[PDB]
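Participant: compute the structure for the input listed below.
(7 chains, ligands or ions: 4)
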Amino acid sequence: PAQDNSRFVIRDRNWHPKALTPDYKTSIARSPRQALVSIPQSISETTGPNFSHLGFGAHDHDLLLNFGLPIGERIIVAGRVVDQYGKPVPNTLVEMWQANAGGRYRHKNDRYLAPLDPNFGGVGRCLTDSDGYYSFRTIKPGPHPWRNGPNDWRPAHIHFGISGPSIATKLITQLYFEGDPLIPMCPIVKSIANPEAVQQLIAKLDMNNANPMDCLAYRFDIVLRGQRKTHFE
Amino acid sequence: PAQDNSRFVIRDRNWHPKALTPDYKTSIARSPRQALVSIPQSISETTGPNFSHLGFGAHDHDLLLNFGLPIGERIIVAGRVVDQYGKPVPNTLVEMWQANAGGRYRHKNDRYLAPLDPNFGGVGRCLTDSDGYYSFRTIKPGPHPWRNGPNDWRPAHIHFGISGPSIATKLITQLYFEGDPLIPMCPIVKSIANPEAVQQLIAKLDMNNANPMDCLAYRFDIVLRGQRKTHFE
Amino acid sequence: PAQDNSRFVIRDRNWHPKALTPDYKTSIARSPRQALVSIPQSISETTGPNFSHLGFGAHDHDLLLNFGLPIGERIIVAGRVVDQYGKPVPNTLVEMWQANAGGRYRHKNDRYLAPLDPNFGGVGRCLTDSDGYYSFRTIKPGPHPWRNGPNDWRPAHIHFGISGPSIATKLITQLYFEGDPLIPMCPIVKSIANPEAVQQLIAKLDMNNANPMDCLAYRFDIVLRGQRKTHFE
Amino acid sequence: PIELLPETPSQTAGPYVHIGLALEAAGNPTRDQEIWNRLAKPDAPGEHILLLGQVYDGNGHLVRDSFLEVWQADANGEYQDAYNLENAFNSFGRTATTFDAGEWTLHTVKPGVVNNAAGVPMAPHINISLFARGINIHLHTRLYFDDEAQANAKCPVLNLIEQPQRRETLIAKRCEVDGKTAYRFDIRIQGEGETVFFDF
Amino acid sequence: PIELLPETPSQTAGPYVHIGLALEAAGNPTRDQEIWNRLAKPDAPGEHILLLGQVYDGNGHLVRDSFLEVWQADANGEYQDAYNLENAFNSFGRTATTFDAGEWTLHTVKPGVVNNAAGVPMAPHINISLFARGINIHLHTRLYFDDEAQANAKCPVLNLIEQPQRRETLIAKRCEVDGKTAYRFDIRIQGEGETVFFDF
Amino acid sequence: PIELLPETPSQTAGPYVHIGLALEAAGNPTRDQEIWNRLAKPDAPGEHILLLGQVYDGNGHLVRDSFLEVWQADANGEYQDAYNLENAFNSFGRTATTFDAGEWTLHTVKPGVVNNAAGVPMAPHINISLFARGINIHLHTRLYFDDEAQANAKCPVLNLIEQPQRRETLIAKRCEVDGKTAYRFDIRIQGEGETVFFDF
Amino acid sequence: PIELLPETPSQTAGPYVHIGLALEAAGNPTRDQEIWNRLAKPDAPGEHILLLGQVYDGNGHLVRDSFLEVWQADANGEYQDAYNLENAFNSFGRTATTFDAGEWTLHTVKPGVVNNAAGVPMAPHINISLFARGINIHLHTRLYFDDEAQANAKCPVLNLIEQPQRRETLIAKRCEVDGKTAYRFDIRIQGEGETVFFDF
Ligand SMILES: [Fe+3]
Ligand SMILES: [Fe+3]
Ligand SMILES: [Fe+3]
Ligand SMILES: [Fe+3]
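Facilitator: Residues are numbered from 1 along each chain as shown, chains lettered A, B, ... in the order given. Ligands and ions are numbered 1, 2, ... in the order given. Structure as follows:
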């Protein structure tokens, strides 16, 4: 079983978005009004599941084939998962979901008038390699309207979930694409106070990883909380 | 019949791209080696067709309907046609053509592996109104690979053709989309030596023209050669 | 036998010197007028010879002993060979050639009036180590006049050829010395449009590697095309 | 001072979380192997229990789009990190609430006792992480049991909560569902009876 | 000096110009009304002629993806700007070269004479604009007729071209096609026999 | 966008390349082991052939100071990368043109067929890289055989060359030297019949 | 992106709004023609009704300095934009709450049905805008009728309000004042039973 041998650098809650960010309407009724209780790290918090033995399908990470071919811009999304100290996070679970090229989600509740793509599902998962690298093949999602302000549009984005070494490092975030003019107008993006933090969520075009006459590539690296050994405890 | 009643400001051939722009390989064998011969303007050059009586179909300008619904980001591309003096150019012919959401064109010669959309043709036409306004409804095209250098990608773009009042004003150009990271890397875009000139081809996101929960909008204004009355000739 | 398991980053032909650079006269008649034809990489382009088994002489890399002692400034030229990703390139072949201290080459065709040095050949070779390191010991070459413009002088230089992992990586270049005032005046240097690019060819004085009371040292690192594994092909 | 690389910022899970993390729940075709709500196989050692609950917003309305992640020890008070569907017991799982099912359910075993870093035993508990549209950064909590009063009184973690009244928000109420031992754990994100959430 | 708004910069028509401007040629379904290669209906006054030609690149290879627009006066030397498919004659038209058809063709009438700004007569001519992939800004030329030697000699435009040798590049050679009066006009974009192109 | 470290920029090999890479040719003492123009040992399997050619500049004048590097498969279509003078066949070799000898020679065997990345066979070919004073960055080309029309017609590489006339520049012409099987491959850097050069 | 000129920023009406927009209410001499709370004259077609309400702040205290403006269709579902005191019905009117009167009143007719932009009928409703000291930007709301349960159930606008509980806040309660048909519509600006406010 798991062992209590590590400590995780405390989260900077001024870096992450706050719970109450009024322009993002839904957060008003879904943010706690009491202060969070801080607790010392114990084995309960410093351990977590290891997915090295989950049976992954051959096309788990290939959105072009896991659902003919979908319509849309063919891209590879890749990067590395490292910690705050810059150490790679090997064999960790990376899960992603997105809309189709038209910004339509394959979910009941999505009534947007842009059609479903018969060949597109939009769900993927990948286990990082020995070096902390992951990659997915998909089509670039389209922006999509939502009922927030009267004319709000989320920039094109891919949802991401990363496990890391413990429940303490588990994170859900969103990737945005370089140059998208919708970025700065989005109230969900604006939930983040430091513009420097917003920069970390922007995937960069990566011509070096592209397959000529095939698909383009985007680079998105992820940094989880720093892990250290316990000392003088 | 037409009458010679106007002069057009001479073209700035240092503003427009030059004929020989070697990084754009096909331009090497398709650029004249002798100098152009300047001639004075006569009736032959200062008149042109007037398309006010062409019978346009109901959806000539609506690419969502003119070919189910196409897959991709729904947008309106609108703007105004003016001359160098800032005067509207009414009842003028604007024609456009583009690829589908995946960068695939509906032409025999287009062998790119991205699938065609059974509901998208990619051709439009619209006559400017009394104020010089035009608009089209379409989907945002995807970038596409082409055999120039070993890893060349055109930025998402739409081809435009504008008639104007004479054969002296007739122009063919391409619209690019605000923030596209591919813009600066394009040998075709780079056929234009002046950066200020390049900026004139970028369509700006126009939230004011969007239809909430439906489609986004882009603004692209076009400037034709200034038209003046003859004097002391 | 070799196998096709890698891809190389496409070269930037705007970074490397163009074919036609008129000030460098010999280029006028030896530059192709048609555009290069871009082809996809195959096993023919992504493999190349490994010189691990060539039998090198004990002084292959020592121009002080490989031909009394030569006259001139005793120096070591050392550095590392890495790819664009920063990965070292081990066991690669590095070859160099240069003039003597007076700028005279040991070649029939060299009719410059500076005498030959009876103890100087000017040819060297070295296979990089496991860390991509190489080194040579020689004497600093002198500048030499050449028939280009009426008073053209090559900055003191050393010719380099580096093999790399494949024929796609192979490269021939020239090393120049930090501070030489002739550098900015050379049409050959000038064949390179980007000033940032010229900096990459300048060897830096390296006092840390020098042998006190014996010889000085220069550092010259080389970067070859970035190598990556194929994906989704 | 010393500054490390900043952690990638969190973002809400959004309304369609289920299509990525709860395939079945989303009414979409699932893959061969899915991480779900059945931590224990019928043959796993320990007392087999059923956990259920509802999530409420600040207006007292059900949250029908939440996603929950759980982590707990086995019956021995041991954390089993090697996730495998072949295992009789997994320490990790996932559950959700949908428009279809406003209540979540988890099939597991009562966790054994674990000691904190100082070597003091914590009462049996399940670590929970809550995600949903409107939640910018996920909320952490713990589920304790009402039938472990003696233990709860001495838990060093529960004892960190300044006000006793707040401590009770962490206690699941024991019941029975189809003659089975069940515990009900409702989470109130905001307002009256607001559930305690931690930072660590 | 005084500077006005800059003109929108030109760009190549690109390889698929056909889909936007030559539907049929492109082999895609056409719309009701299309601007094409027949300027004169059989009952149009004047001499009915056939125009054809090929376009050559710098290497002497056929340009199979060109697009050409033409503007000319009617038989009476009048420019008919009101475009209408109902008209017996339109002064404007469009043609192309394709992979299938390496030669373009135009059905029209021999244009009447028109005066320049200074009141001097110009020899009968057709104004041409050429577009294609590889051409950043369209090329302007004029087509004159070999059976108009006298007029050609006095043309104030033809006369601006310094070298007589270059002047010939602009003269269409009379022939016959299926016993119909035709004129062949080949365009050479670059090199030996390079056609004259204008600026105005 | 992501930008990697910049590749070290290329420079011309200069007038004296022979002293560094073609010792013999340069008329200077050679070392124990040199990389030269004999890729095949008498006893290497395959059709033994002699390759020869001249290199011309833009004015049609001979280039008497070029340096060439070759890379080819063996008779079995296999690339032998482990260079060793003991090998009966090495896939790599070097040759040149000098004031003394304006024609280069190479002794090898006709290469076997290899597949492109897509799994389609390429016609037998030799990869060549050309260096010389006046050439800022080396030129890449391929040598094909006139006696392999069937293969050549299907080569996916040869087929990437738009104009058929340009394809012939890559075909070596069969002949005999001393009754030995030879092929002549002249390279034209610039002008009339300019050789196709690749970028990859 | 494209930026237009910015809209002039809003400012609270202030405590003396009545002097500018509700002269009588302010107890100051009125002018010849004033815009007030009588939308319909006794002879106007449709069901004549009395509307009344109170305005509450977050502490549950009466807001005695509010100013309200209403917009509604006539009995036939038509908006009468031409304001004139001579008219039998005006679609617009004004009302207020004062120290003297903590309740506002309006004399109108039950409005007919109007379709939304998508052609779907909306239940009978009155458009309201509220202004007062402490309100930086006016608040928008709608008043619907309890005796129109059927229409209400299907209103495209009422149906945009996520929580049914919240919809109830927009339903005026039918009653009778001096044995005349009336409806009571109280507004709670903040807290318990807070009224839905719109953005458009
Ligand atoms: Fe989303
Ligand atoms: Fe295009
Ligand atoms: Fe040299
Ligand atoms: Fe005031």
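Participant: which parts of chain D are helices?
Facilitator: In chain D, the segments counted as helices under DSSP state H are D:17-21, D:149-152, D:164-167.
Participant: elements contacting the longest one?
Facilitator: Contact here means 3 or more Cβ pairs under 8 Å, 6 or more residues apart in numbering or on different chains; DSSP states H and E; on that basis helix D:17-21 packs against strand A:93-98, strand A:157-162, strand D:67-71, strand D:92-96. C-beta: built from backbone N, CA, C; applies to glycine.
Participant: how about a cut-off of 6 Å?
Facilitator: Here helix D:17-21 touches strand A:93-98, going by 3 or more Cβ pairs under 6 Å, 6 or more residues apart in numbering or on different chains; DSSP states H and E.
Participant: show me what the strand it packs on is packed up against.
Facilitator: strand A:123-127, strand A:157-162, helix D:17-21.
Participant: now what about stretch A:206-217, what contacts it?
Facilitator: Here stretch A:206-217 makes contact (Cβ atoms under 6 Å, 6 or more residues apart in numbering or on different chains) with A:74-76, A:219, B:145, B:150-151, C:9, F:2, F:4.
Participant: with stretch A:180-190 instead?
Facilitator: Applying Cβ under 6 Å, 6+ apart, the contact partners of stretch A:180-190 are A:23-24, A:143, A:148, A:153, A:155, A:176, B:178-179, B:205, G:1.
Participant: all strands in chain A, in order from the N-terminus.
Facilitator: Assigned by DSSP state E, chain A shows strands spanning A:6-8, A:37-38, A:74-83, A:93-98, A:123-127, A:133-139, A:144-146, A:152-154, A:157-162, A:171-177, A:202-205, A:216-219, A:222-224, A:227-229.
Participant: count of residues packed around residue 120?
Facilitator: You didn't say which chain, so I picked chain A. 25 (other Cβ atoms under 10 Å in any protein chain shown).
Participant: think we crossed wires, I meant chain D
Facilitator: The tally of other residues near residue D:120 (other Cβ under 10 Å) stands at 13.
Participant: find the nearest non-adjacent residue to it, please.
Facilitator: Nearest residue to residue D:120 in three dimensions, chain neighbours excluded: residue D:156, at 4.9 Å (Cβ to Cβ, 6 or more residues apart in numbering or on different chains).
Participant: show me which of the contacts of stretch A:206-217 is closest to chain E.
Facilitator: Using Cβ to the nearest Cβ, residue B:145 is the member of the contacts of stretch A:206-217 that sits closest to chain E, with 13.1 Å.
Participant: closest residue of chain D to chain A?
Facilitator: residue D:20 (2.9 Å).
Participant: nearest to residue B:108, out of the strands of chain A?
Facilitator: Residue B:108 sits nearest to strand A:74-83 of all the strands of chain A, at 21.6 Å, using Cβ to Cβ.
Participant: related to what we said a few turns ago, need the strands of chain A in CSV (columns: mean neighbour count and distance to residue E:188).
Facilitator: Below are these laid out as CSV (neighbours: other Cβ atoms under 10 Å in any protein chain shown; distance: least, Cβ to Cβ, whole Å):
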stretch, mean neighbour count, distance to residue E:188
strand A:6-8, 20, 73
strand A:37-38, 14, 82
strand A:74-83, 23, 41
strand A:93-98, 24, 52
strand A:123-127, 22, 55
strand A:133-139, 23, 45
strand A:144-146, 21, 53
strand A:152-154, 23, 52
strand A:157-162, 24, 52
strand A:171-177, 23, 46
strand A:202-205, 20, 41
strand A:216-219, 22, 39
strand A:222-224, 24, 59
strand A:227-229, 13, 71
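Participant: burial count for the residue of chain D with the smallest separation from chain B?
Facilitator: Nearest to chain B in chain D, going by Cβ to the nearest Cβ, is residue D:15, at a distance of 14.9 Å. Neighbours of residue D:15 under the rule other Cβ under 10 Å: 17.
Participant: right, and it touches residue D:133 too?
Facilitator: Yes: with contact defined as Cβ atoms under 6 Å, residue D:15 counts as touching residue D:133 (4.3 Å).
Participant: so what sits against both of these two?
Facilitator: Residues touching both residue D:15 and residue D:133 (Cβ under 6 Å, 6+ apart) are residue D:65.
Participant: I'd say residue A:79 and residue A:221 touch.
Facilitator: Yes: the pair residue A:79 and residue A:221 passes the contact test of Cβ under 6 Å, sitting 4.4 Å apart.
Participant: what separation is there between residue A:25 and residue A:201?
Facilitator: The gap separating residue A:25 from residue A:201 is 21 Å, by Cβ to Cβ, to the nearest Å.
Participant: show me what contacts the residue in chain D positioned nearest to chain G?
Facilitator: Proximity of chain D to chain G (Cβ to the nearest Cβ) peaks at residue D:61, 5.5 Å away. Residue D:61 makes contacts with residue G:163, as judged by Cβ under 6 Å, 6+ apart.
Participant: report the separation between it and residue A:7.
Facilitator: Going from residue D:61 to residue A:7 by Cβ to Cβ gives 39 Å.
Participant: number of residues surrounding residue 87?
Facilitator: As the question left the chain open, I've gone with chain A. Residues near residue A:87, counting by other Cβ under 10 Å, number 12.
Participant: try chain D instead
Facilitator: For residue D:87, the neighbour count with other Cβ under 10 Å is 16.
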